[PDB]
Amino acid sequence: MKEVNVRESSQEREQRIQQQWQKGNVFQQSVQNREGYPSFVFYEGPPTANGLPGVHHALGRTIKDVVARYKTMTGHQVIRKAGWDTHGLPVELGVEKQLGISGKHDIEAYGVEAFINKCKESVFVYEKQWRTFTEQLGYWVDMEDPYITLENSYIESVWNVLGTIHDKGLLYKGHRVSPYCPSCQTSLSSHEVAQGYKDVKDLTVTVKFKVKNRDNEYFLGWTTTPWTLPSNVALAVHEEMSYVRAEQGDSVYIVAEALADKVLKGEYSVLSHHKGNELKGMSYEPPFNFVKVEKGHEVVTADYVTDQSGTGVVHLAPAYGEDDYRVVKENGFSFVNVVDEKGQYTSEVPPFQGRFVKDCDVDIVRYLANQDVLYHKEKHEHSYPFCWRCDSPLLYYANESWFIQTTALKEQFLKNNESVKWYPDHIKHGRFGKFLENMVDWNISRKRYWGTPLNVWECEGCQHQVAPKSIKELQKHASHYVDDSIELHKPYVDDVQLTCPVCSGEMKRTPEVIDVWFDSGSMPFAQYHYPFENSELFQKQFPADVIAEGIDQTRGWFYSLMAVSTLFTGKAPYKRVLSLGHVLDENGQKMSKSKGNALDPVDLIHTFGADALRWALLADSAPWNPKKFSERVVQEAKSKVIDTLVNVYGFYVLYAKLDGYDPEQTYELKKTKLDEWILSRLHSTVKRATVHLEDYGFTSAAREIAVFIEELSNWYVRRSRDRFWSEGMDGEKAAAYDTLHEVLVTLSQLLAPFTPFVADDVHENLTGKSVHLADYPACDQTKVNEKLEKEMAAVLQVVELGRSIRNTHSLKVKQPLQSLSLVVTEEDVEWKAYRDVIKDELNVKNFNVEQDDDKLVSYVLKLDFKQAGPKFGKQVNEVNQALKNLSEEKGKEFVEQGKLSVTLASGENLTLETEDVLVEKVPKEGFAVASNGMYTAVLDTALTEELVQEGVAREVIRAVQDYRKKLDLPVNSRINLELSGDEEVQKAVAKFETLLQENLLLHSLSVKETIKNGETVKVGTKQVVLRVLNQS
Ligand SMILES: CC[C@H](C)[C@H](N)C(=O)NS(=O)(=O)NC[C@H]1O[C@@H](n2cnc3c(N)ncnc32)[C@H](O)[C@@H]1O
Ligand SMILES: [Zn+2]
Ligand SMILES: [Zn+2]
C-alpha cells in the first residue's frame, strides 16, 4: 500500500484515480469480465446537445451510474453506450439566436445547408461539454463510441422503423386541426403540448347574432376565443335541448331555456319554447362581414353543445377547433381560414391584417360594441397551451400533417405499461397512465430543416406513397443515381426523386422532418443500427431492464420509447422505470432559465469532489419528489462522510507501515468486544444496504452506510487508537489491524457504486485490485451479533446523556467526577461488560446501576393557585410557604399517601387535597440528572479538592506530553522534567506523583521555584513553566 501523507485535494485524488481508470481500461474491463454472466440491460437517455450541463443533470447520471455499477458488482454484465440527442426544435432555436435570425424565411435566406452546418457545429461543442462533465462525475458510459441521432446509421434505422410502421397503414397524412406554434411555425405533438400549459386570463364574450328574415330577433352566440369571430361559419345548438325566444326591451333574443335567467338580466319575458332541431337551418348575420362564406352562416346541430355554460348557441370557426371542423364538414359548409402560418390575420380581415390573433382580443371587443352586436364579456382563468421551446402561446390550427396512428394500438400501450414496474409506483397509473388513457394520434411532421427527414415519397401523378426503409431501398426506386454516401438530411434527400411503381410518375419526398422525440424513442433499435447490423447484440440488449430519467419524460422519452416500440414491435421496450424528481434552486426549477437557476457542476466537482456531490444527491433526500439542492449539503457530505473515510483510511495506512502489519502474514488475533461490535455493524450494514439497493432505495442505503461510517470513526477508531499507537505487535494490536483492514476493504466495496473515486482509492491501495472489478460484498451472518449491537447502542445513549449533563453544568470531561448512577427500568443490558467504557468516556470514578431513583431524588412541594387559590382564601400564601417549609420525608410521604395537612403559624392545621399541591422531583444535593425516558443518568457534580487536584494532575500530564511532541523527542527516552508553578499545582503534582510517573517516561521530575529559559504553558487558568533536560 502507498501513503496518504502528502496533502491531496479532492480534485487531485479524483484526477489521479481517473487516470488510473484510463490506463487500466477499468470501465471496459468491468464489462468484459462479466461476459457469460446474466445480462442487465440499461438504456442511456440521450441528453440534448443544446446547452451546458447543470447540477440538476447530475442527479440522473449519478443514479444511472449507481445502478450500473451495483448491478455489475452483483454478477451482471451491464453494457453502457452513451447517446446524444442532436435534432429538432431544441437545437434549431438555439442556433437561430446565435445567428441573429428567426423564422423559416430567414433560414432559407441564410441557406438550409449552411444553417444545418451551424447546427452540427453547435451540438458538437455541447457534446464535449457534456462528455467532460460526465467523466468527472464518474458516470461510466461509453462516450468514445456513442450513438448520435444525426449519424447516418442511426437515421437509417429510424427510417426502417418508420417504413415498417407505414407498411402497417399506421403512418398517414391528414388535414386536421392540431396544436400549432405560430412562432416555430409548425404543428406539435400531444406530449409536447402537455409540457407547456400555463394559467392565462382572457375574455369569453356573448355576441348578438341577428336573425335574417326577421326583425329585432338576435341569436345569443358564445365563444371563448373572440379572435375567431371573423371566421364564423355556423352556430351550433343541441337538437334535443330547449331554447326560448325571450323579449328584452326592444329586442328578442334566442337562448337556451336553462341559461336564460343567467344570460338575460334585469328584465325579460319568455315568449315561446323551441327545441334545437327546430332552430336548425335558421340564418343570421356575422358579427364581422370581412370574409365571405359561400355555404354557411346558419344554425346546425352538434351533440357536444352543453347547457351548463355559455348560451346553448356556440360560434363555430372550422379552422380553429376540432369540433368546429367536424361539424362544418358534416353539413357541407365552406372551410375558411383568415390566419397565416405566423399566427397573423390575412388580408381577408383588413383592420387587423398582419397582427397576431391573440393580441387582437382587446380591439375585437371594441369592434363588437361599435357594430351593435356585443352582449356580454367575462373573465376566464384557465390553462392554455404554450410552446414548450419558445414559450409562445399555441393555436389550434387546421393544417396538413403526418401522424403515427398510436390510437390503433392503444390497448397494446396499456398492456405494455401494465408490465412496467414504476418508481415511484404512482406514476404508472398517474402521470404516465392518465396520458395513455387520453391518447390521440402522434403528430410527427415538423415544417423545419434540422432533423430526421420523414422518409415518405408521394407520386405527383397518383399520390401513391413509398417509404424507403434503407439507403438501398432509396437507391432502388430513385429515378437518378443515388450515391452510397448520401446523407440522410435535408436538403440532400430533397434532391432524390423516385419513379412511381404504379404510374411511373415523379415521386417527391414530403418536405417535413420528424418530431425530435421520435429520434430518441427509436434508440433501442437505432443505437445498434438494427436490423442492418448487430442483430444478435440487439436481441441481447432488448428490452431494457431499467431506465432512469426525470419525470418530464412521462411526456417525453418514456412515452416516445413506449410508442415507437409498441408500433414497431408491439413489445414494451423497458421493464422498469425510475422517474426522477427535478432539482430546485431554493425555489425554482433548475434549467437553462433566464435566471439560470443551475450551478456549474464542474466547479462543484472541483471544489468538493464528485463523490461528495454524488453522496449529497443520493443521501440528502429521495429522488422521486422535487429536490431543493444546496452547495452546503455537498460541503457537509465532503466533511462528514468523504473526509471521514479518508482520515480513517489514512490512519490505517500510516500506522500499518510504522508497525509493519501485513494482511498476508498470519498473526495471533485477540479480537476485543469493540472489534466484534464494529464487525457486526459492518455486516448488518452490508445486509441492509443490499436490501435497499435491490429495491432501488439509494437514499436509505446511503443513510445506513453513513451511520456505520460515523460509528466507525467516532467510536471504533477513536476508542482503539491506543492499540494502533502501542509499541508491540501483540494479539490485541493485530486484532485491531485485522478488524480495520476488513472494515476498509468491505466498506469501500459497499461504497463503490455510490462514491466510485474514494472507494477505488482505498480498495486499490489496500488490495492491489480495482474495487469496480470486484464483487459486491456478502453479509457474513456469523459475524452479526444482534445482542452486542443492542447493548452498545444503549451504552452510546448513556454516554450521550452523561455528556449532556457535563455540558449543562460546565463540567469539562477532563475533570473527573465521583460517580454516575444509571436508573434502568428493566435489567435488559449486561451493564457490567461496559462499565470500563462508561467510566472512561464520562470520566467517573464509579458507575452504579439502580432499579429506581429513590436514593437519588427528593421532593419539594408548592401550591396550585389555579386549583386551591379560592379554597384557602387569604391563607393561600401562608399555605404555599408552609408546603415549601416541609422536610424531605414530608414531601416523599405526600407523593405516597396523596393526602397532606399543613400547620400554619397560627397553629391552625389545614388539609391539602392531592390536586392542591404541585409536586416537583429534584435530584439529591450535588447531583444532576438527564433522562431520555428509557435510561435516567444521575451525575455527581460535587467537586472535592482531591478531584480538582487529580484534574490538575491530568492537565499537567497532557501539557508535558504535548511539549514532548513539540521538541521532536524520541518516543522512548526518559527525560528530566523541570516544572514551575504555584502551590496549587505543586500540591497536585506531589499528591499524584505516581499517576504522573505512570503516564510520563520521566527519569526525574523537579519542582523548581523559577526556571531559566523555560517554556510557559497553560494548565487550566494557571501558567506552568516546563523544561526538559535530556538525561546523560
Ligand atoms: C431522456 C432525454 C430526452 C430524450 C431529451 N434529450 C432530454 O430531455 N434531454 S435533457 O438533456 O434536457 N435532459 C437530461 C436529463 O435530465 C433530466 N432533467 C431535466 N431537467 C431536470 C431538472 N431540473 N432536475 C432534474 N433532472 C432534470 C431530464 O429529465 C433527463 O433525464
Ligand atoms: Zn414555438
Ligand atoms: Zn404514381
Side-chain angles (χ1 to χ4, degrees), residues 43-64 83-93 96 102-103 123 126-127 130 133-134 149 179-188 192-193 195-196 342-343 385-395 446 448 457-466 498-508 515-523 547-561 577-585 588-593 597-598 617 623 626-629:
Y43 294 163
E44 155 79 347
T48 304
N50 69 338
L52 297 179
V55 181
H56 52 295
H57 300 126
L59 174 62
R61 303 179 86 71
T62 297
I63 281 168
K64 292 183 275 189
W84 306 120
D85 214 352
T86 62
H87 282 149
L89 288 162
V91 171
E92 267 187 334
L93 295 187
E96 291 183 11
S102 188
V123 300
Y126 287 125
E127 289 167 17
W130 274 84
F133 156 64
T134 301
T149 62
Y180 182 86
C181 177
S183 180
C184 293
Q185 295 181 41
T186 181
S187 292
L188 297 185
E192 286 167 288
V193 178
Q195 299 184 52
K342 300 181 181 183
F386 287 75
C387 177
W388 69 299
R389 301 314 302 181
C390 73
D391 271 358
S392 159
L394 300 187
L395 305 174
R446 307 284 176 266
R448 305 293 295 193
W457 273 257
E458 289 172 283
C459 172
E460 294 277 293
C462 70
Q463 288 70 70
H464 178 77
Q465 298 177 9
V466 162
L498 314 182
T499 306
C500 179
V502 169
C503 74
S504 189
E506 188 187 23
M507 306 189 82
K508 296 180 182 177
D515 176 9
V516 65
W517 289 111
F518 199 100
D519 297 346
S520 61
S522 291
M523 67 76 57
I547 58 175
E549 305 293 332
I551 187 180
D552 45 307
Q553 308 308 328
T554 62
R555 309 159 181 174
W557 194 53
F558 297 165
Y559 181 68
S560 71
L561 278 175
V577 184
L578 308 189
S579 178
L580 308 178
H582 277 189
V583 176
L584 316 176
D585 66 319
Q589 173 186 127
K590 285 188 173 66
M591 197 197 194
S592 186
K593 194 182 175 178
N597 296 182
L617 292 162
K627 171 199 298 293
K628 174 189 174 301
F629 201 62

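Just follow the structure's listing: the first ligand is 1, and inside any ligand the first atom is 1. In this chain, numbering begins with 1 at the start of the sequence shown.
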Ligand-residue contact atoms, ligand 1 with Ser520, heavy atoms, under 4.0 Å: 4 (C)
Separation between CG of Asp552 and CE of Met591, rounded to the nearest 0.5 Å: 9.0 Å
N/O donor-acceptor pair under 3.5 Å between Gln195 side chain and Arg555 backbone: yes
Test item, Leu59 contacting ligand 1 (heavy atom, 4.0 angstrom): no
For atom 2 (C) of ligand 1, the protein heavy atom that lies nearest, with its residue and separation: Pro46 O, 3.4 Å
Contact partition for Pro47 relative to ligand 1, non-hydrogen atoms under 4.0 Å: both
Min side-chain heavy-atom separation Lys342-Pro182 under 4.5 Å: no
Distance from atom 23 (N) of ligand 1 to nearest protein heavy atom, with residue and atom: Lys590 O, 2.8 Å
Residues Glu92 and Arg446 bridged, charged N to O under 4.0 Å: no
Shortest reach to atom 4 (C) of ligand 1 by a heavy atom, considering only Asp85, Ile547, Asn50: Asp85
Residue and atom name of the nearest protein heavy atom (relative to atom 24 (N) of ligand 1), distance in Å to one decimal: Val583 N, 3.0 Å
Atom pair NE2 (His87) and OG1 (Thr48), whose distance is rounded to the nearest 0.5 Å: 12.0 Å
Under 2.8 Å: N/O/S of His464 next to the Zn ion (ligand 3): no
For atom 17 (C) of ligand 1, closest protein heavy-atom neighbour: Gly550 N, 4.3 Å
Within-shell test, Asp552 vs ligand 1, heavy atom, strictly < 4.0 Å: yes
Closest approach of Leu59 to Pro623 (non-hydrogen atoms, all atoms of both residues): CD1-CB, 4.3 Å
Identified ring pair (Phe, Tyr, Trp, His ring centres under 6.0 Å) partner of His57 from the options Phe133, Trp130, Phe629: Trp130
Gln589: numbered ligand 1 atoms lying under 4.0 Å from its heavy atoms: 23 (N)
Heavy-atom pair of closest approach, residues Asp391 and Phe386: O-CD2, 3.3 Å
Atom 26 (N) of ligand 1 - nearest protein heavy atom and its distance: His56 O, 3.6 Å
Side chain to side chain, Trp388 and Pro90, heavy atoms closer than 4.5 Å: yes
Closest protein heavy atom to atom 10 (S) of ligand 1, given as residue, atom name and distance to 0.1 Å: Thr48 N, 3.8 Å
Atoms of ligand 1, numbered as shown, that sit under 4.0 Å from any heavy atom of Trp517: 3 (C), 4 (C)
Under 4.0 Å to a heavy atom of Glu549 - the qualifying atoms of ligand 1, by number: 1 (C), 15 (C), 30 (C), 31 (O)
Closest protein heavy atom to atom 16 (O) of ligand 1, given as residue, atom name and distance to 0.1 Å: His57 CD2, 3.5 Å
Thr149 side chain to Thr86 backbone, donor-acceptor under 3.5 Å: yes
Angle subtended at the Zn ion (ligand 3) by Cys500 SG and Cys503 SG, rounded to 10 degrees: 120°
Distance in Å, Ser520 OG paired with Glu549 CD, rounded so as to fall on 0.5 Å steps: 9.5 Å
Sub-3.5 Å N/O-N/O distance, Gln553 and ligand 1: yes
